[PDB]
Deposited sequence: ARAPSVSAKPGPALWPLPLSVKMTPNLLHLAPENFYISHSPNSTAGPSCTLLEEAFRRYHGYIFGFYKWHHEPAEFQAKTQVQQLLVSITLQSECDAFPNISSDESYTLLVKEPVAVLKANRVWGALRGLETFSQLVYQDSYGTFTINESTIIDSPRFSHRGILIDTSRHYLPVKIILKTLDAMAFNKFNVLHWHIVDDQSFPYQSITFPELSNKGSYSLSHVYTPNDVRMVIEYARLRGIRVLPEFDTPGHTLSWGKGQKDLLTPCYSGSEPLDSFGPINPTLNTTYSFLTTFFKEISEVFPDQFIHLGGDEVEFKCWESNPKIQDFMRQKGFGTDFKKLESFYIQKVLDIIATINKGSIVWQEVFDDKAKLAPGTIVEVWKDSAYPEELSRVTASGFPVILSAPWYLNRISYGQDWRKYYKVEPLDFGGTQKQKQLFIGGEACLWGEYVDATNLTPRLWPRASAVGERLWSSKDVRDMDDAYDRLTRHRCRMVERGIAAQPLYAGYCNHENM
């Protein structure tokens, strides 16, 4: 049988068995599609899905899958938070039809169609007459990866994007820099990577970055960069002088450095020129600014910064200085026509945010109540908090992730519509190429289903059954996803 994951909104199976012959089944454009043979996204997806599927017998052969895009295709464009991913799939003989408003929905449908196929004993490719109409519950469905704590070669990022397609994720939250290393190669500031990277072959070139973004685009995945300020910036200091706060002990200067120094005009003119470059390089609408876990110790220790605090009336409240900072950075982003996402502390520590500004809730301390507050104040929200997949544990933790119901928090029908989705996060301290893929999948698939499927989809026995088979399939396709429990594939 078929393992669908994520389980589509409406499935209508019949017991009518159809067959696909490897020597002649193929996927092509409907003559009525708005996308042509000119469509690179779709053609490459036809080829790669033909591969996935393979590499009384009268009137039972499905010869073709025809793919029809109904509205302007968006074939040439980058996906975005409002990209229409809906499709319908009509599996019948002799010609199955996949129909979608846009390119994005057909990529989804191709995956689902591939999941409908199954071999019996003899190795006959089999699929049931069925009709599927599908669309996602939420539209921001993210994986966070961290390429600072460890560098991830591009290949592993590519493989992760493939896995994301298979699971219908659509945002790659690329936490590209942080304390330990700055691998991003900046054209306007070559020295950030030159001095901040682990070494000169742990770098992402403009070509590497172009590659990740196009490879994502071809799979209907947005690349959301995070360049976390003003904490988590140790590695930035190496290449930009006078950017970080010099730490002091009383009046003795220490060799150590703290967060970015929000009191200097050279800080903001650096950030202005830096984020201009980010806005040109990453085509997504949103830039993630970070703002998590700022340590005040070093700021409050610094003499010139203490001057700046009396000089503003901030007293001993270092939340106001952190706010002063992030507000200035928020303006920088608005000025070059992008949107901003922000870890919850920026909101908790009482910064003043332009409306439109997305807030990401990560702290697992009564997060429903954060979701309440954030939505109460009018701001779109995204949840990662219960999906910190760096935090491993013995056993079937996939259930814990799967059982989350993100909208079980206090608020109105309309507060709740500001919840635009979720991200599974795989912070990198303990993760690199050697262990990424099996740590991430299929644990993140639990999150994929919860974010795509109906609220009502919750049966644990049925989830286990479908996820065991989906995981076996991921492995067939070269994604080393780990087991759920005892058993075997083939």
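Q: Please report every deposited-sequence interval that has no C-alpha in the structure, sorted by position.
A: Seq positions lacking coordinates: 1-10, 66-75, 511-514.
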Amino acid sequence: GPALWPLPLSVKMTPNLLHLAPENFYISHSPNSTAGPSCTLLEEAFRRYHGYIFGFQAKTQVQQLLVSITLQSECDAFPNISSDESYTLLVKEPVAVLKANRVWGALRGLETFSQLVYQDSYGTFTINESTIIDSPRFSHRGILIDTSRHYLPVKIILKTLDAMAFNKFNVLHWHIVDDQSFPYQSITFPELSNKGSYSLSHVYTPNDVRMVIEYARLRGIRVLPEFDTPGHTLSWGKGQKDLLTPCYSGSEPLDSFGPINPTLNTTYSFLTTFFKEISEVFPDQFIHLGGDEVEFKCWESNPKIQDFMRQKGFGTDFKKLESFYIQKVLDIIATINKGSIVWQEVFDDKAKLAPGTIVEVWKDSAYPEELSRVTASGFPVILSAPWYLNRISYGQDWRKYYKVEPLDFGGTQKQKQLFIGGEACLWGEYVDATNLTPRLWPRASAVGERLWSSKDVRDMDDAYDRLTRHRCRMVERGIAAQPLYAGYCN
From here on, numbers count along this sequence of modelled residues.
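Q: On average, are the C-alpha B-factors higher in 63-71 or in 28-36?
A: Comparing averages over the C-alpha atoms only gives 28-36.
Q: Higher mean Cα B-factor in the deposited model: 77-85 or 405-413?
A: Per the PDB record, 405-413.
Q: Of the options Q180, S130, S193, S249, which has the highest CA B factor as deposited?
A: Answer, based on the entry's C-alpha B-factors: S249.
Q: Pick out which of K304, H150, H173, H202 has the highest C-alpha B-factor in the PDB entry.
A: Highest C-alpha B-factor among the listed options: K304.
Q: Using only modelled residues of the chain, where does the Cα B factor of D432 rank: lowest third, middle third or highest third?
A: Ranked within chain, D432 CA B lands in the lowest tercile.
Q: For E345, does the deposited CA B-factor place it in the lowest, middle or highest third of the chain?
A: Highest third of the chain for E345's C-alpha B-factor.
Q: By the recorded C-alpha temperature factor, relative to the other modelled residues in its chain, which third is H470 in?
A: Within its chain, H470 is a lowest-third residue by C-alpha B-factor, going by the deposited values.
Q: Relative to the other modelled residues in the chain, which third contains the C-alpha temperature factor of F138: lowest, middle or highest?
A: According to the entry, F138 has a C-alpha B-factor in the chain's lowest third.
Q: State the tercile, meaning the lowest, middle or highest third, of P225 with respect to the CA B-factors recorded for its chain.
A: Lowest third - that is where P225 ends up once the chain's C-alpha B-factors are sorted.
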